[PDB]
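Quick note on numbering: the sequence shown equals residues 0 to 28, 50 to 468 in the deposited numbering. Where a beta carbon is used, it is the ideal one built from N, C-alpha and C, also for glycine.
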Amino acid sequence: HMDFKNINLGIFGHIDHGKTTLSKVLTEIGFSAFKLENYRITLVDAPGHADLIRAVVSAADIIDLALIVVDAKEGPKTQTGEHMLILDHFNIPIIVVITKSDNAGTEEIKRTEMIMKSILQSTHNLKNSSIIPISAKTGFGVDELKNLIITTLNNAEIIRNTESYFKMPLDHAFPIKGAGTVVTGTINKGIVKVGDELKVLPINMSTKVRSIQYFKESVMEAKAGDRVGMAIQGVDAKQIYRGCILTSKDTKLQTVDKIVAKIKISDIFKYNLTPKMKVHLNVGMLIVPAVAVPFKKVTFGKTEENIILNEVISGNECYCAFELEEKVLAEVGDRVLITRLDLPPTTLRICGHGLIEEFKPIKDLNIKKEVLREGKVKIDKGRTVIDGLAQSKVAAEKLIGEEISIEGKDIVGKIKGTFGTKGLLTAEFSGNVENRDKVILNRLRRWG
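Printed below as a string of structure tokens:
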């Protein structure tokens, strides 16, 4: 017959916003799926709030499209935002579905329609995503919603990664006996054939593939993008839990403590750069508490240095040395999501996102503080004295022999001695110095 394409569709939104209903309506035309044209669409499913989060962070590569539900009457709520945020960071195309239109009037729907249009424009990649009001109870516009899911899937660029090593997380696992266990999850990268030797991590055991169940059917082979049931031998189900990962023996996956990411910030104004900051880092399917130290990379003409952020976020660089409290399974290039989930669900909880560049402790990145103090040149009859670089005489004496330049005048000098008990200073610089000139002290420090 015809060749099918395997799609994963996520459904996101506030609870009570018509998630489950929208699912049932789609499923009727674990594993719940449906066909549209030659698309086999498997729903990406988790019960709610923080689960769908853990779901996107992990399965981002394979989630082709998402539906974001928002109640017609009461419009977007707090959860509606964070899902939108997350989907935007991971560049997952969305359709906004306005649910319970049967329970609202034209005016009310049009309102919520526009509130979402305003919101969508405030996002990078979702800038203009279609919006449909439907009523799952009534059937209102449900037909159009399917035609849209097709159109979207037709446009979106779907890249299945077959070429690399087999990489697959494990959602649920359940036993049969001591010599077997059945694990489920959607394949990220690679390929599996029945009768292959793989391994579970982090516990690092070696198992063989007894059965591949895909789409209520047994197959000899699965590919990336396929959500498959898998029975493997050499592991009991008790050892395999929420964070486990089934992958081949050529795996690039590592068990990691220190993570160095290139971080893009979600909202600038909610962001703060006070280093050594306690957050919850999303890697793979887990959420580990962490400590972050933001820095930028700076070439001084000879050697590139890692400088603690000058608090300027002008220029997109926010490398972040993370130090995790627990361990985690990661690869270089894996998208990482910084959250603050300690906070109540009533406020937006995403402190950004980023790609993993390196696995390296701060102690090796050789962090350095860009250091600037500022004084002025005060000159009486025949004497020049720099003021403000030092508070007292002892502080000033520490500065003797340092590098000093004058702002705007393209001129250099060196600071020789101390004058007075109030921390004034003297210096020998190139001539043509004037009263009330600006003195910029410049040096590198060992940070923290």
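State the Cα-Cα distance for the pair residue i and residue j, rounded to the nearest angstrom.
i	j	result
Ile6	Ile265	21 Å
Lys269	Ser226	9 Å
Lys4	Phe54	12 Å
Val453	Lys436	16 Å
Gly95	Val299	30 Å
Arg403	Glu423	20 Å
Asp15	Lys388	50 Å
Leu63	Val116	16 Å
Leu146	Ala176	12 Å
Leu85	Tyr185	24 Å
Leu349	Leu464	35 Å
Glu377	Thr275	15 Å
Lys380	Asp457	44 Å
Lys187	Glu345	25 Å
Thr132	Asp362	30 Å
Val280	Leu273	15 Å
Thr267	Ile223	12 Å
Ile28	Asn174	20 Å
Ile129	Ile135	10 Å
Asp163	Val220	43 Å
Tell me which same chain residues have a C-beta within less than 7 Å of the C-beta of residue i, skipping the five on either side of it?
i	result
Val229	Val212, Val214, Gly215, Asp216, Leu218, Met250, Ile252
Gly408	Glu394, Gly395, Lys396
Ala410	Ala416, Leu419, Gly443, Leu445
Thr172	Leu85, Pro113, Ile115
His192	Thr204
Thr158	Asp122
Once the 5 residues before and after residue i are set aside, which same chain residues still bring their CB inside 8 Å of it?
i	result
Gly200	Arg230, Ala251, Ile252, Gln253
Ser450	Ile431, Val432, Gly433
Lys413	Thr438, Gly440, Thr441, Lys442, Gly443
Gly161	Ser121, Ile152, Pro153, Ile154, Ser155
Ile406	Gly395, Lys396, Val397, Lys398, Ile424, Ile435, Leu444, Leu445, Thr446, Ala447, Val459
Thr98	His13, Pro365, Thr366, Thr367, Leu368
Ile196	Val202, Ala251
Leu329	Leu293, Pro295, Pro314, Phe315, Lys316, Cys338
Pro309	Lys298, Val299, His300, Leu301, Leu344, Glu345, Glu346
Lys236	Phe51
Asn455	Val397, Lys398, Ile399
Would the beta-carbon of residue i fall within 7 Å of that of residue j?
i	j	result
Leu190	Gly205	yes
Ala79	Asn181	no
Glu337	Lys316	yes
residue 48	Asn302	No coordinates exist for residue 48 in the structure shown, because the numbering of the chain passes directly from 28 to 50.
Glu343	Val311	yes
residue 29	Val77	Residue numbering in the chain jumps from 28 to 50; residue 29, which lies between, is not modelled.
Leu72	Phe11	yes
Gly374	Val356	yes
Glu57	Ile178	no
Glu102	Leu385	no
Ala124	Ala92	yes
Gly372	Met305	no
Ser286	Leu461	no
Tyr234	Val255	no
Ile283	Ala242	no
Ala257	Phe194	yes
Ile333	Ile288	yes
So, at 6 Å on beta carbons, what are the nonlocal neighbours of residue i in its own chain, with the 5 sequence-adjacent residues on each side left out?
i	result
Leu25	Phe54
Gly68	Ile14
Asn167	none
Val318	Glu325, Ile327
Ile112	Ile83, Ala86
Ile114	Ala86, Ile88, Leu107, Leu146, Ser149
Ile307	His300
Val313	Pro295, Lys296, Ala341, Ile382
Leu140	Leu146, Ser149
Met1	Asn58
Could you tell me which residues DSSP pairs with residue i in its beta bridges?
i	result
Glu337	None; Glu337 has no bridge partner.
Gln253	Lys228
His300	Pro309, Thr359
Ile114	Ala86
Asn7	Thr62
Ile260	According to DSSP, which records beta bridges pairwise, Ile260 is partnered with nothing at all.
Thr319	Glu324
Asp91	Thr119
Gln99	Answer by DSSP bridge pairing: none, since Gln99 is not bridged.
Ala53	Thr62
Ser425	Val432, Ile460
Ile279	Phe342
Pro67	Paired residue(s): none; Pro67 is not in a bridge.
Flag residue i as yes when its Cβ comes closer than 6 Å to any non-hydrogen atom of the ligand HEM, and as no otherwise.
i	result
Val248	Because no ligand of any kind appears in the structure shown, any question about the ligand HEM cannot be addressed here.
Closest Cβ-Cβ distance between residue i and chain B: below 7 Å?
i	result
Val391	Here chain B cannot be found, since the structure has a single protein chain.
- In chain order, which alpha helix (DSSP H) runs of at least 4 residues are fully inside the segment 349-422? 382-385, 413-417
- Run through the segment 118-206 for me and flag every whole alpha helix (DSSP H) of 4 or more residues, listed as ranges in chain order. Under the rule that a run must span 4 or more residues, the alpha helix (DSSP H) segments found entirely inside the segment 118-206 read 126-140, 162-175.
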